[PDB]
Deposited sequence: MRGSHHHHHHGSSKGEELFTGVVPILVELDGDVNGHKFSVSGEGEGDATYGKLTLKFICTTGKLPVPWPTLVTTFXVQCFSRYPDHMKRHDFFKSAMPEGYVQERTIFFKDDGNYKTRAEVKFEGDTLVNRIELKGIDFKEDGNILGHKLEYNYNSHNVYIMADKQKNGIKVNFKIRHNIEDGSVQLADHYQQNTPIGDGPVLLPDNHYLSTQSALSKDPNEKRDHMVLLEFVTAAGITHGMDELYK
């Protein structure tokens, strides 16, 4: 099963996103490395256009599930690494409770030795008093379950999960992620049986960084099969 031998060790990661939210054009660049052996991502993100019109946490999902740790008995269900180096397309339609919605396309593929996640984004119908444009979300992230399922029609997987964005007042903003991945390569890919991924993320700030940035440590593991 070639394509997984590329994630045996540490792999550098580059992330470039160019998006639009209510006309607030912006672009962001993240760098780092990820270790699929432990589902570990060691990344840092920098907004190149100055300030972000939306809070950093709202984009954590959009900013490489191939690094998610797969137990040796679920390697048959590792759709991400089986799609490499050709890569896979990632399309999401995130619904923010009582607010607008992002709509993303991204190509997670290998460019040289490193893995890149080129992303397009468009957010619409966000209220200026909303929790997004109001920067009312806390600078933190929760743990979630990413439920993967197979879509026989698209020759790819379907993924659905809700994400809890903490609010400063104490409430919660939910973001319904309706995700659809398809492979770029015209070859064989192992479509998995229904299961889920468990995510852990923590957000920090570089004290020696003046630009609008986000430091993220993320751990992910796959489960649901014996």
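Hey, which stretches of the deposited sequence didn't make it into the model?
-> Unobserved in coordinates, per deposited numbering: 1 to 12, 76, 240 to 247.
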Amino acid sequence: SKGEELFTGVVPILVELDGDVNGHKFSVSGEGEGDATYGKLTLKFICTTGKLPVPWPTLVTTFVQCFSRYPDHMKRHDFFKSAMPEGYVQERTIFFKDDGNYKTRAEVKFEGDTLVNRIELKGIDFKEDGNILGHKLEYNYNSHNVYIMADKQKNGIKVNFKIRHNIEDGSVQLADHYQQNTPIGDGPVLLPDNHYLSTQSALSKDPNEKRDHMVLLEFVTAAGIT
From here on, numbers count along this sequence of modelled residues.
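141 to 149 set against 72 to 80, stretch whose average Cα temperature factor tops the other in the entry = Taking the mean B-factor of the alpha carbons in each, 72 to 80 is higher.
36 to 44 versus 177 to 185 - which carries the larger mean C-alpha B factor in the record = Mean C-alpha B-factor is greater for 177 to 185.
Options 94, 133, 115, 106 - largest CA temperature factor per the record | In this record, 115 carries the highest C-alpha B-factor of the candidates.
Lowest, middle or highest third: where is residue 211 by Cα B-factor in its chain?
-> It falls in the middle third of the chain.
Ranked C-alpha temperature factor of residue 226 among modelled chain residues, by third = It belongs to the middle third of the chain when residues are ordered by C-alpha B-factor.
Compare the C-alpha B factor of residue 202 with those of the other modelled residues in its chain, then answer lowest, middle or highest third.
-> Within its chain, residue 202 is a lowest-third residue by C-alpha B-factor, going by the deposited values.
Relative to the other modelled residues of the same chain, rank the CA B-factor of residue 191 and answer lowest, middle or highest third.
-> Its C-alpha B-factor, which the entry lists for residue 191, ranks in the highest third among residues of this chain.
Chain third (lowest, middle, highest) by recorded CA B-factor, residue given as residue 17 = CA B-factor rank for residue 17: middle third.
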